[PDB]
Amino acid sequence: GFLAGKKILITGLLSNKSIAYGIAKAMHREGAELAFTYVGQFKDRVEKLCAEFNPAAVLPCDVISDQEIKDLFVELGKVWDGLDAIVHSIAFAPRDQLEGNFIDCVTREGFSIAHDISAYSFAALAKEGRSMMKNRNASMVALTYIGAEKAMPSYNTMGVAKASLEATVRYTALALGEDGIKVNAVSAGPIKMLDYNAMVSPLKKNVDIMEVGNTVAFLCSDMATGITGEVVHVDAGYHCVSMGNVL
């Protein structure tokens, strides 16, 4: 596999259908070495889930907590020499933020909660895994979405938070370059308005967890060492089109 022997930390694995899952699957296939984080009272749920990947570790990480992000690596450091990739599939906004007119919805707290879990956490990860990622063609990937680039209905505060992430990828790309660490993002399409997508986008379909999963994998390999600060769209083409109405 094009990821043989590399050590990768995969965040965001919650279910059978998680993008993070497609990622794990692609990576395991390419023979990487894998570790997983869970939030809250899902210790159970995820270790069951990721058993098939022969995990090096399954460790708590609520990116709300600074001490938890520290410990995550202190404990990872008991299992690994260093670290090759960090994959970042983390996002969240309160409900109240996510359903209605955006300026009706938006509240100070929601804005900073959403930004904190969805954008900063990526940098916070880069900070604490850096020391074990130096000079090894190390890679970092985030999961993002076109609501960053373009305003949409009800994506709301989440779209803003995503734009925030994208900016953060670019600054991390520059901060971590000297250390030879690439930083990039995959922009997925939806996995109930995936209908629109399937009708408009040139490839006439929604994408699946394997297509994204493989892109994220490719982006943590030695083939992708010329790329950094980049948003790759894995969205059947949706991004490069501008129809309006369909019937």
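Residue indices: 1-based, along the sequence shown.
Report, from the record, the number of residues in the deposited sequence between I64 and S65 that have no coordinates, as none, 1 to 3, 4 to 9, or 10 or more. Missing residues, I64 to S65: none.
State which stretch shows the higher mean Cα B factor in the entry: 51-59 or 193-201. According to the entry, 193-201 carries the higher average C-alpha B-factor.
Mean Cα B-factor comparison, 143-151 or 72-80, giving the higher one as deposited: The recorded data point to 143-151.
Which listed residue, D116, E109, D104, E99, has the largest C-alpha temperature factor in the record? Spelled out: the listed residue with the top C-alpha B-factor is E99.
Relative to the other modelled residues in the chain, which third contains the C-alpha temperature factor of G213: lowest, middle or highest? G213: CA B-factor falls in the lowest third of its chain.
Give the position of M243 by CA B-factor within its chain, expressed as the lowest, middle or highest third. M243: CA B-factor falls in the highest third of its chain.
Is the Cα B-factor recorded for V234 in the lowest, middle or highest third of its chain? Its C-alpha B-factor, which the entry lists for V234, ranks in the lowest third among residues of this chain.
Sorting the chain's modelled residues by C-alpha B-factor, tell me whether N16 ends up in the lowest, middle or highest third. Within its chain, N16 is a highest-third residue by C-alpha B-factor, going by the deposited values.
What third of its chain's C-alpha B-factors does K162 belong to: lowest, middle or highest? As the PDB entry reports it, the C-alpha B-factor of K162 lands in the lowest third of its chain.
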